[PDB]
$ cat entry-v5.cif   # mmCIF, C-alpha atoms
data_target
loop_
_atom_site.label_atom_id
_atom_site.label_comp_id
_atom_site.auth_asym_id
_atom_site.auth_seq_id
_atom_site.Cartn_x
_atom_site.Cartn_y
_atom_site.Cartn_z
CA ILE A 747 23.54 -19.08 22.23
CA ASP A 748 19.82 -19.81 22.56
CA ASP A 749 20.47 -23.55 22.80
CA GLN A 750 23.13 -23.02 25.47
CA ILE A 751 20.78 -20.72 27.40
CA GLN A 752 18.03 -23.35 27.25
CA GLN A 753 20.46 -26.03 28.43
CA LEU A 754 21.55 -23.85 31.35
CA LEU A 755 17.90 -23.18 32.26
CA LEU A 756 17.18 -26.92 32.24
CA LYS A 757 20.28 -27.51 34.37
CA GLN A 758 19.26 -24.83 36.87
CA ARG A 759 15.72 -26.22 37.11
CA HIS A 760 17.21 -29.68 37.69
CA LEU A 761 19.38 -28.25 40.48
CA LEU A 762 16.28 -26.54 41.89
CA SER A 763 14.52 -29.91 41.99
CA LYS A 764 17.63 -31.49 43.53
CA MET A 765 17.80 -28.89 46.30
CA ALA A 766 14.06 -29.26 46.86
CA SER A 767 14.74 -32.97 47.35
CA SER A 768 17.54 -32.11 49.79
CA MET A 769 14.82 -30.11 51.51
CA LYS A 770 12.74 -32.27 53.88
CA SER A 771 15.71 -34.61 53.79
CA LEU A 772 17.43 -31.99 55.92
CA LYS A 773 14.24 -31.89 57.99
CA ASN A 774 14.24 -35.68 58.40
CA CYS A 775 17.85 -35.40 59.55
CA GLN A 776 16.78 -32.69 62.00
CA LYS A 777 13.96 -34.88 63.33
CA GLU A 778 16.17 -37.96 63.69
CA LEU A 779 18.58 -35.67 65.54
CA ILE A 780 16.05 -34.26 68.01
CA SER A 781 14.36 -37.65 68.28
CA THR A 782 16.46 -40.44 69.86
CA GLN A 783 18.18 -37.56 71.71
CA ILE A 784 15.36 -36.97 74.20
CA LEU A 785 15.43 -40.69 75.03
CA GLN A 786 19.12 -40.44 75.90
CA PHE A 787 18.28 -37.28 77.86
CA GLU A 788 15.77 -39.36 79.83
CA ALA A 789 18.54 -41.89 80.45
CA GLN A 790 20.72 -39.05 81.72
CA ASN A 791 17.92 -37.98 84.07
CA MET A 792 17.69 -41.59 85.23
CA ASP A 793 21.41 -41.49 86.05
CA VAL A 794 21.10 -38.13 87.80
CA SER A 795 18.25 -39.33 90.01
CA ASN B 4 9.49 -54.90 89.40
CA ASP B 5 12.23 -57.51 88.90
CA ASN B 6 15.12 -55.37 87.70
CA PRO B 7 14.89 -52.09 89.67
CA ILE B 8 14.49 -49.85 86.61
CA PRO B 9 11.58 -47.42 87.06
CA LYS B 10 9.79 -46.34 83.90
CA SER B 11 10.11 -42.63 84.73
CA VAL B 12 11.28 -40.36 87.55
CA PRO B 13 10.60 -36.70 88.43
CA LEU B 14 12.90 -34.07 86.96
CA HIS B 15 16.04 -33.08 88.87
CA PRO B 16 17.78 -29.68 88.84
CA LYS B 17 20.85 -31.33 87.31
CA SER B 18 18.54 -32.93 84.75
CA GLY B 19 16.83 -29.55 84.48
CA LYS B 20 20.14 -28.17 83.21
CA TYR B 21 20.08 -30.56 80.25
CA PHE B 22 16.34 -30.02 79.75
CA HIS B 23 16.96 -26.28 79.40
CA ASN B 24 19.93 -27.07 77.15
CA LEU B 25 17.86 -29.21 74.77
CA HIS B 26 16.47 -27.26 71.81
CA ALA B 27 15.34 -27.88 68.26
CA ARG B 28 18.08 -27.04 65.79
CA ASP B 29 17.19 -24.12 63.55
CA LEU B 30 16.69 -23.75 59.78
CA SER B 31 15.95 -20.00 59.65
CA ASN B 32 19.23 -19.18 57.89
CA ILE B 33 18.83 -22.22 55.63
CA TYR B 34 15.23 -21.33 54.79
CA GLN B 35 16.02 -17.68 54.06
CA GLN B 36 18.99 -18.63 51.87
CA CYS B 37 16.78 -21.08 49.97
CA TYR B 38 14.08 -18.42 49.53
CA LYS B 39 16.58 -15.85 48.27
CA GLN B 40 18.10 -18.41 45.89
CA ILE B 41 14.76 -19.38 44.37
CA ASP B 42 13.69 -15.72 44.15
CA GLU B 43 16.86 -14.72 42.30
CA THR B 44 16.49 -17.77 40.05
CA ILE B 45 12.96 -16.64 39.16
CA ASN B 46 14.19 -13.09 38.54
CA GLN B 47 16.91 -14.40 36.23
CA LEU B 48 14.41 -16.64 34.42
CA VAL B 49 12.13 -13.63 33.88
CA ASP B 50 14.44 -12.30 31.15
CA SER B 51 16.60 -15.41 30.61
CA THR B 52 14.40 -17.14 28.03
CA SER B 53 14.87 -15.99 24.45
CA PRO B 54 12.13 -13.52 23.44
CA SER B 55 11.28 -15.53 20.31
CA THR B 56 11.25 -18.76 22.34
CA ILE B 57 7.75 -19.62 23.57
CA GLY B 58 6.70 -22.26 26.07
CA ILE B 59 7.91 -21.05 29.47
CA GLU B 60 4.62 -22.18 31.00
CA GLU B 61 5.86 -25.63 32.04
CA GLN B 62 8.97 -24.16 33.69
CA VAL B 63 6.78 -21.59 35.46
CA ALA B 64 4.53 -24.37 36.76
CA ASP B 65 7.54 -26.40 37.93
CA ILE B 66 9.00 -23.41 39.78
CA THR B 67 5.58 -22.74 41.31
CA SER B 68 5.45 -26.33 42.56
CA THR B 69 8.97 -25.99 43.98
CA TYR B 70 8.05 -22.76 45.78
CA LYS B 71 4.85 -24.28 47.18
CA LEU B 72 6.79 -27.31 48.42
CA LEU B 73 9.37 -25.04 50.05
CA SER B 74 6.65 -22.97 51.72
CA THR B 75 4.98 -26.13 53.02
CA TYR B 76 8.34 -27.30 54.37
CA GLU B 77 8.83 -23.98 56.16
CA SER B 78 5.31 -24.09 57.62
CA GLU B 79 5.74 -27.61 58.97
CA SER B 80 9.17 -26.71 60.35
CA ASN B 81 7.50 -23.89 62.28
CA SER B 82 4.96 -26.50 63.38
CA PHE B 83 7.90 -28.67 64.47
CA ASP B 84 9.46 -25.99 66.67
CA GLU B 85 6.15 -24.89 68.20
CA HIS B 86 5.33 -28.53 68.97
CA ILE B 87 8.77 -28.91 70.56
CA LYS B 88 8.33 -25.87 72.81
CA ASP B 89 4.78 -26.89 73.77
CA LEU B 90 6.00 -30.40 74.61
CA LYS B 91 8.81 -28.98 76.74
CA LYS B 92 6.38 -26.71 78.61
CA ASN B 93 3.93 -29.56 79.22
CA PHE B 94 6.69 -31.90 80.41
CA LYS B 95 8.18 -29.33 82.79
CA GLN B 96 4.72 -28.58 84.21
CA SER B 97 4.02 -32.29 84.70
CA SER B 98 7.41 -32.85 86.35
CA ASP B 99 6.83 -29.91 88.69
CA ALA B 100 3.41 -31.34 89.56
CA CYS B 101 4.83 -34.77 90.39
CA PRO B 102 6.48 -35.34 93.80
CA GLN B 103 10.12 -36.18 94.54
CA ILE B 104 11.60 -39.58 95.43
CA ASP B 105 13.39 -39.60 98.80
CA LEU B 106 12.85 -42.82 100.80
CA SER B 107 10.52 -45.31 99.10
CA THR B 108 8.80 -43.19 96.45
CA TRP B 109 11.55 -44.49 94.15
CA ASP B 110 10.53 -48.01 95.18
CA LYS B 111 6.89 -47.15 94.48
CA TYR B 112 7.80 -45.84 91.02
CA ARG B 113 9.88 -48.97 90.36
CA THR B 114 6.98 -51.23 91.36
CA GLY B 115 4.85 -49.39 88.78
CA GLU B 116 2.18 -48.11 91.18
CA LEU B 117 3.51 -44.56 90.64
CA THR B 118 3.92 -42.97 87.21
CA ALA B 119 5.92 -39.95 86.06
CA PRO B 120 5.87 -38.08 82.73
CA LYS B 121 8.24 -39.40 80.07
CA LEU B 122 9.37 -37.20 77.19
CA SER B 123 9.64 -40.23 74.90
CA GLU B 124 5.98 -41.18 75.30
CA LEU B 125 4.86 -37.55 75.01
CA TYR B 126 6.88 -37.10 71.82
CA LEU B 127 5.38 -40.32 70.47
CA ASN B 128 1.90 -38.99 71.30
CA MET B 129 2.40 -35.44 69.98
CA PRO B 130 0.10 -34.59 67.05
CA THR B 131 1.57 -34.71 63.57
CA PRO B 132 2.39 -31.28 62.09
CA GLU B 133 -0.50 -29.69 60.21
CA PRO B 134 -0.15 -27.02 57.48
CA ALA B 135 -2.97 -24.99 59.03
CA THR B 136 -3.33 -21.21 59.43
CA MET B 137 -0.79 -20.76 56.62
CA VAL B 138 -1.24 -18.99 53.28
CA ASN B 139 1.06 -19.60 50.31
CA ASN B 140 0.75 -16.13 48.81
CA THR B 141 3.94 -14.11 48.29
CA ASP B 142 4.94 -11.34 45.92
CA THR B 143 7.37 -13.76 44.27
CA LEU B 144 4.60 -16.34 43.84
CA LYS B 145 2.26 -13.69 42.42
CA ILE B 146 4.78 -12.41 39.86
CA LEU B 147 5.73 -16.00 38.98
CA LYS B 148 2.08 -16.86 38.32
CA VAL B 149 1.42 -13.70 36.29
CA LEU B 150 4.66 -13.58 34.28
CA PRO B 151 3.59 -16.03 31.52
CA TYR B 152 0.66 -13.77 30.62
CA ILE B 153 2.86 -10.66 30.63
CA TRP B 154 5.27 -12.56 28.39
CA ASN B 155 2.39 -13.33 26.02
CA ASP B 156 1.23 -9.69 26.06
CA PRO B 157 2.35 -6.69 28.16
CA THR B 158 -1.25 -5.70 28.97
CA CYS B 159 -3.20 -8.35 30.87
CA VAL B 160 -6.03 -8.54 33.40
CA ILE B 161 -5.49 -11.79 35.33
CA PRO B 162 -8.00 -11.54 38.25
CA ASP B 163 -11.17 -13.58 37.76
CA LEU B 164 -12.95 -12.81 41.02
CA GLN B 165 -15.88 -11.20 39.19
CA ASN B 166 -16.18 -14.09 36.72
CA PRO B 167 -13.97 -17.19 36.36
CA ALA B 168 -13.74 -16.99 32.56
CA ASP B 169 -12.61 -13.35 32.32
CA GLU B 170 -13.44 -9.88 33.62
CA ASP B 171 -16.83 -10.15 31.89
CA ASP B 172 -17.73 -13.48 30.25
CA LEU B 173 -15.41 -13.75 27.24
CA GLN B 174 -14.64 -10.08 26.48
CA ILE B 175 -12.41 -8.20 28.92
CA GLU B 176 -13.08 -4.65 27.65
CA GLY B 177 -10.24 -3.63 29.95
CA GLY B 178 -8.23 -1.42 27.61
CA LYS B 179 -4.45 -1.40 27.98
CA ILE B 180 -1.94 -0.37 30.63
CA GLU B 181 0.50 2.07 29.03
CA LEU B 182 4.17 2.04 30.01
CA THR B 183 4.62 5.69 29.01
CA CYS B 184 2.72 8.01 31.34
CA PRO B 185 0.83 10.88 29.67
CA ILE B 186 2.05 13.10 32.51
CA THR B 187 5.67 11.89 32.20
CA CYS B 188 6.64 10.68 28.71
CA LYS B 189 9.18 8.20 30.07
CA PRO B 190 9.28 4.60 31.32
CA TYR B 191 8.45 4.15 35.00
CA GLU B 192 11.81 4.26 36.78
CA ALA B 193 10.13 4.30 40.23
CA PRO B 194 6.95 2.19 39.96
CA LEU B 195 4.91 2.88 43.09
CA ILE B 196 1.40 1.50 43.65
CA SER B 197 -1.21 1.81 46.39
CA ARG B 198 -2.97 -1.07 48.09
CA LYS B 199 -6.15 1.00 47.69
CA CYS B 200 -5.69 2.79 44.35
CA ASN B 201 -4.11 -0.34 42.81
CA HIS B 202 -2.59 1.95 40.16
CA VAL B 203 1.11 2.24 39.33
CA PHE B 204 2.62 5.73 39.32
CA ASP B 205 6.08 6.95 38.34
CA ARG B 206 6.11 9.15 41.51
CA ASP B 207 8.28 11.75 39.75
CA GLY B 208 5.31 14.08 39.26
CA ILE B 209 3.15 12.45 41.92
CA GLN B 210 5.33 14.02 44.62
CA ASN B 211 4.64 17.40 43.00
CA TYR B 212 0.90 16.76 43.27
CA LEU B 213 1.19 15.49 46.86
CA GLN B 214 3.33 18.40 48.09
CA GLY B 215 1.38 21.03 50.01
CA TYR B 216 -1.63 18.70 50.34
CA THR B 217 -1.85 15.94 52.94
CA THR B 218 -4.11 13.78 50.76
CA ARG B 219 -4.89 14.17 47.05
CA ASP B 220 -7.30 12.35 44.76
CA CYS B 221 -5.93 9.61 42.54
CA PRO B 222 -5.38 11.20 39.10
CA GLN B 223 -6.40 8.00 37.31
CA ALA B 224 -10.07 7.18 36.73
CA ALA B 225 -12.17 4.10 37.64
CA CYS B 226 -11.65 4.99 41.31
CA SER B 227 -12.15 7.85 43.80
CA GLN B 228 -9.85 8.00 46.82
CA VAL B 229 -7.05 10.06 48.35
CA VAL B 230 -3.65 8.59 49.25
CA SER B 231 -0.37 9.80 50.75
CA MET B 232 3.32 8.96 50.32
CA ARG B 233 3.41 5.99 52.70
CA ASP B 234 0.64 4.08 50.88
CA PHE B 235 2.94 3.70 47.85
CA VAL B 236 4.99 0.50 47.58
CA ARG B 237 7.24 -0.95 44.90
CA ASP B 238 5.43 -3.02 42.25
CA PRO B 239 7.69 -5.55 40.47
CA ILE B 240 4.98 -6.20 37.87
CA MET B 241 5.45 -2.76 36.33
CA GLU B 242 9.18 -3.00 35.58
CA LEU B 243 8.71 -6.64 34.59
CA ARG B 244 6.25 -5.42 31.94
CA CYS B 245 8.64 -2.63 30.95
CA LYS B 246 11.57 -5.01 30.51
CA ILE B 247 9.60 -7.57 28.51
CA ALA B 248 8.13 -4.83 26.30
CA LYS B 249 11.55 -3.29 25.62
CA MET B 250 13.09 -6.69 24.88
CA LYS B 251 10.27 -7.68 22.51
CA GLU B 252 10.35 -4.35 20.69
CA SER B 253 14.13 -4.65 20.32
CA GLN B 254 13.88 -8.17 18.89
CA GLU B 255 11.08 -7.24 16.49
CA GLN B 256 12.96 -4.14 15.29
CA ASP B 257 16.09 -6.23 14.73
CA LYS B 258 14.08 -8.84 12.81
CA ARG B 259 12.32 -6.32 10.56
CA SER B 260 15.56 -4.44 9.85
CA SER B 261 17.42 -7.66 9.04
CA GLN B 262 14.65 -8.86 6.71
CA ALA B 263 14.42 -5.47 5.00
CA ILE B 264 18.17 -5.49 4.37
CA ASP B 265 17.89 -9.08 3.11
CA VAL B 266 15.35 -7.76 0.59
CA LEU B 267 17.94 -5.39 -0.89
#
$ encode --input "entry-v5.cif" --output "structure tokens"
Amino acid sequence: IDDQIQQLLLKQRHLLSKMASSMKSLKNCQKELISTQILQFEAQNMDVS
Amino acid sequence: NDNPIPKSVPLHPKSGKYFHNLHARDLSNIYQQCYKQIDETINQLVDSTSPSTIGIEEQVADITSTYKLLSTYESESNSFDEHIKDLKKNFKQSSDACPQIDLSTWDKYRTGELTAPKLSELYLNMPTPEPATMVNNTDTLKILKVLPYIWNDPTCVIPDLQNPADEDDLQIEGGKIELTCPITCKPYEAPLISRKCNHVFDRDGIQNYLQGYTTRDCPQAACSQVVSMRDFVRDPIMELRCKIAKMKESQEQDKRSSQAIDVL
């Protein structure tokens, strides 16, 4: 039981590290979404004018 | 010049529609879910490790690093959104300042003699996010930092503001913090502490002392102040100590009983 508990704790810490890695990857996705979108918005303003 | 493509033009109401539509996509729900997940993981880890098993310090440090990284991410995301709104405000102000192209102002802009604000250049020139005016101090972080010492011994005095080594050089002389109150011979089911008294009270008999009197002196020594109901807040450290003490006493009682029976 103790060995299984330790293995589960190691697994959950590994998943914590994995989700920390997914963090700031989500932020980079957010930035690459907002960026390159304002440029196309400027193109839309060009069209409107 | 050449191809009639001006670098930038003043904002239009139709373009103003899209400008008002553009926003930075949110992570508030994501951040709060992540915070709750890590907090519950820490709470589970508090009692998860076997009481005889020693060496939770590395896991505590790793979780502390994860929490600090998450807090930094949240701070720079707030920096991201505040930069976005400031950039939008600056761009709209600049566009309002600039004139409108009707007859040949468009030709002047195309020739390059006239310039208009461009969100691309402004977003390229915006300052990088800075983790300033932010403090990584939470109740979860505090209990995470102090839980290894509580695991080592229920009674601990972690602060080193007076002296880095200990409370006084090498000897603490701090006594012990007793789970069982002399007033109420029972474990603290409602641990309530003051930001001023900094003493944990069961509140079962404290309400009896505080009834009829607006403010009453703190019954414990080493301080002299009067507090009310609303100064009391929940202290996770107290029940953390209670749980670890109960678990350790249970394991030691089981071990001694098993060994004594093995003797016979």
$ residues_around --input "entry-v5.cif" --residues "residue B:7" --least-positions-apart "6" --cutoff "12 Å" --atoms "all atoms listed in the file" --output "VMD selection string"
(chain A and resid 792) or (chain B and resid 109 to 115)
$ write_last_selection --input "entry-v5.cif" --atoms "C-alpha atoms" --output "mmCIF file, in the coordinates of the input"
data_model
loop_
_atom_site.group_PDB
_atom_site.id
_atom_site.type_symbol
_atom_site.label_atom_id
_atom_site.label_comp_id
_atom_site.auth_asym_id
_atom_site.auth_seq_id
_atom_site.Cartn_x
_atom_site.Cartn_y
_atom_site.Cartn_z
ATOM 1 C CA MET A 792 17.690 -41.590 85.230
ATOM 2 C CA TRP B 109 11.550 -44.490 94.150
ATOM 3 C CA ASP B 110 10.530 -48.010 95.180
ATOM 4 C CA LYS B 111 6.890 -47.150 94.480
ATOM 5 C CA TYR B 112 7.800 -45.840 91.020
ATOM 6 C CA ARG B 113 9.880 -48.970 90.360
ATOM 7 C CA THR B 114 6.980 -51.230 91.360
ATOM 8 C CA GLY B 115 4.850 -49.390 88.780
#
$ closest_atom_pairs --input "entry-v5.cif" --of "chain A" --to "chain B" --cutoff "7 Å" --atoms "only C-alpha atoms" --output "Markdown table"
| residue | atom | partner | partner_atom | distance |
| --- | --- | --- | --- | --- |
| A:748 | CA | B:53 | CA | 6.5 |
| A:766 | CA | B:69 | CA | 6.7 |
| A:770 | CA | B:76 | CA | 6.7 |
| A:776 | CA | B:28 | CA | 6.9 |
| A:780 | CA | B:27 | CA | 6.4 |
| A:784 | CA | B:123 | CA | 6.6 |
| A:785 | CA | B:123 | CA | 5.8 |
| A:791 | CA | B:18 | CA | 5.1 |
| A:792 | CA | B:12 | CA | 6.9 |
| A:794 | CA | B:18 | CA | 6.5 |
| A:795 | CA | B:15 | CA | 6.7 |
$ atom_distance --input "entry-v5.cif" --atom1 "atom CA of residue B:228" --atom2 "atom CA of residue B:196"
13.4 Å
$ atom_distance --input "entry-v5.cif" --atom1 "atom CA of residue B:137" --atom2 "atom CA of residue B:84"
15.3 Å
$ closest_residue --input "entry-v5.cif" --among "B:88, B:182, B:191, B:74" --to "residue A:769" --atoms "all atoms listed in the file"
B:74
$ closest_residue --input "entry-v5.cif" --among "B:24, B:158, B:136, B:4" --to "residue A:783" --atoms "all atoms listed in the file"
B:24
$ closest_residue --input "entry-v5.cif" --among "B:209, B:135, B:164, B:241" --to "residue B:183" --atoms "only C-alpha atoms"
B:241
$ atom_distance --input "entry-v5.cif" --atom1 "atom CA of residue B:151" --atom2 "atom CA of residue B:49"
9.2 Å
$ closest_residue --input "entry-v5.cif" --among "B:215, B:226, B:240, B:131" --to "residue B:203" --atoms "all atoms listed in the file"
B:240
$ build_atoms --input "entry-v5.cif" --residues "stretch 758-774 of chain A" --atoms "N, CA and C atoms" --output "PDB file, in the coordinates of the input"
ATOM      1  N   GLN A 758      19.587 -25.542  35.641  1.00  0.00           N
ATOM      2  CA  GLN A 758      19.260 -24.830  36.870  1.00  0.00           C
ATOM      3  C   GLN A 758      17.925 -25.300  37.444  1.00  0.00           C
ATOM      4  N   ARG A 759      16.956 -25.652  36.592  1.00  0.00           N
ATOM      5  CA  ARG A 759      15.720 -26.220  37.110  1.00  0.00           C
ATOM      6  C   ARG A 759      15.958 -27.608  37.708  1.00  0.00           C
ATOM      7  N   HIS A 760      16.870 -28.387  37.118  1.00  0.00           N
ATOM      8  CA  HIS A 760      17.210 -29.680  37.690  1.00  0.00           C
ATOM      9  C   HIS A 760      17.881 -29.516  39.052  1.00  0.00           C
ATOM     10  N   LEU A 761      18.772 -28.531  39.179  1.00  0.00           N
ATOM     11  CA  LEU A 761      19.380 -28.250  40.480  1.00  0.00           C
ATOM     12  C   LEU A 761      18.347 -27.734  41.475  1.00  0.00           C
ATOM     13  N   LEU A 762      17.361 -26.965  41.007  1.00  0.00           N
ATOM     14  CA  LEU A 762      16.280 -26.540  41.890  1.00  0.00           C
ATOM     15  C   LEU A 762      15.503 -27.741  42.418  1.00  0.00           C
ATOM     16  N   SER A 763      15.192 -28.698  41.543  1.00  0.00           N
ATOM     17  CA  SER A 763      14.520 -29.910  41.990  1.00  0.00           C
ATOM     18  C   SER A 763      15.405 -30.711  42.948  1.00  0.00           C
ATOM     19  N   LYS A 764      16.708 -30.769  42.667  1.00  0.00           N
ATOM     20  CA  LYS A 764      17.630 -31.490  43.530  1.00  0.00           C
ATOM     21  C   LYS A 764      17.690 -30.875  44.923  1.00  0.00           C
ATOM     22  N   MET A 765      17.743 -29.545  44.997  1.00  0.00           N
ATOM     23  CA  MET A 765      17.800 -28.890  46.300  1.00  0.00           C
ATOM     24  C   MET A 765      16.452 -28.942  47.004  1.00  0.00           C
ATOM     25  N   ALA A 766      15.353 -28.982  46.249  1.00  0.00           N
ATOM     26  CA  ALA A 766      14.060 -29.260  46.860  1.00  0.00           C
ATOM     27  C   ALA A 766      14.033 -30.651  47.474  1.00  0.00           C
ATOM     28  N   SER A 767      14.641 -31.626  46.794  1.00  0.00           N
ATOM     29  CA  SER A 767      14.740 -32.970  47.350  1.00  0.00           C
ATOM     30  C   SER A 767      15.607 -32.982  48.609  1.00  0.00           C
ATOM     31  N   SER A 768      16.720 -32.244  48.590  1.00  0.00           N
ATOM     32  CA  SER A 768      17.540 -32.110  49.790  1.00  0.00           C
ATOM     33  C   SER A 768      16.761 -31.431  50.911  1.00  0.00           C
ATOM     34  N   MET A 769      15.805 -30.579  50.553  1.00  0.00           N
ATOM     35  CA  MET A 769      14.820 -30.110  51.510  1.00  0.00           C
ATOM     36  C   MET A 769      13.884 -31.241  51.903  1.00  0.00           C
ATOM     37  N   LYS A 770      13.516 -31.246  53.183  1.00  0.00           N
ATOM     38  CA  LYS A 770      12.740 -32.270  53.880  1.00  0.00           C
ATOM     39  C   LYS A 770      13.587 -33.519  54.109  1.00  0.00           C
ATOM     40  N   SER A 771      14.685 -33.666  53.367  1.00  0.00           N
ATOM     41  CA  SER A 771      15.710 -34.610  53.790  1.00  0.00           C
ATOM     42  C   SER A 771      16.523 -34.009  54.927  1.00  0.00           C
ATOM     43  N   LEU A 772      16.840 -32.720  54.806  1.00  0.00           N
ATOM     44  CA  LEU A 772      17.430 -31.990  55.920  1.00  0.00           C
ATOM     45  C   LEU A 772      16.495 -31.985  57.123  1.00  0.00           C
ATOM     46  N   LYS A 773      15.188 -31.855  56.884  1.00  0.00           N
ATOM     47  CA  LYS A 773      14.240 -31.890  57.990  1.00  0.00           C
ATOM     48  C   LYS A 773      14.156 -33.271  58.629  1.00  0.00           C
ATOM     49  N   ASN A 774      14.205 -34.337  57.824  1.00  0.00           N
ATOM     50  CA  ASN A 774      14.240 -35.680  58.400  1.00  0.00           C
ATOM     51  C   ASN A 774      15.500 -35.886  59.221  1.00  0.00           C
TER      52      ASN A 774
END
